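Going letter by letter, the sequence shown gives residues 61 to 64, 80 to 178 in the authors' numbering.
Quick reminder that beta carbons are idealized off the backbone N, C-alpha and C, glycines included.
Working notes for the structure below.
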Amino acid sequence: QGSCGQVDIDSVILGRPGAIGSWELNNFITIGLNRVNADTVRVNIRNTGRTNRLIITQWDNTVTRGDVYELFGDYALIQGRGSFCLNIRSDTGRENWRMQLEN
Ligand code: NI
Ligand code: NI
Ligand code: NI
Numbered sequence: 061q062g063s064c080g081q082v083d084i085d086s087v088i089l090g091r092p093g094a095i096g097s098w099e100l101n102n103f104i105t106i107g108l109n110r111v112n113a114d115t116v117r118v119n120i121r122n123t124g125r126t127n128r129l130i131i132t133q134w135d136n137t138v139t140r141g142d143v144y145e146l147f148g149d150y151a152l153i154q155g156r157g158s159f160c161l162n163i164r165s166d167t168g169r170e171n172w173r174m175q176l177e178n
């Protein structure tokens, strides 16, 4: 985090500057994603329940390994509303970005 089941988030990660999305992950937690520029994605969190955790992965299907992920990062989600920024270039060859709650 820098200063400002599994859902498909490619629309924002691989989108243009200005690309936005919102996902209700459970009854308590909603995550907004906003691509602020070519280098940075902003994550917005609203959590009306207990602390949880957001896990971000990027998936590939390779001939040798089949469906496998690279862990990008994982982030505490405390009660209330907040934000943090991630350094992810949109011009990446990495596709199939996902996020999920730990619990
Ligand atoms: Ni890779
Ligand atoms: Ni996808
Ligand atoms: Ni949950």
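For residue i: DSSP bridge partner residues
i      : result
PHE159 : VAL118
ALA151 : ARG128
For residue i, the first and last residue of its enclosing beta strand (DSSP E)
i      : result
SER97  : 95 to 99
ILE104 : 104 to 110
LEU176 : 172 to 176
Residue i vs residue j beta-carbon contact at 8 Å
i      : j      : result
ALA151 : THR126 : yes
Outcome for residue i when other beta-carbon atoms lying within 10 angstroms are tallied against a minimum of 16
i           : result
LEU146      : exposed
residue 180 : Since the first residue of the chain shown is 61 and the last is 178, residue 180 is not available in this structure.
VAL143      : exposed
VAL116      : buried
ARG128      : exposed
Residue i: first and last residue of the uninterrupted alpha helix (DSSP H) it sits in
i     : result
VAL87 : 85 to 88
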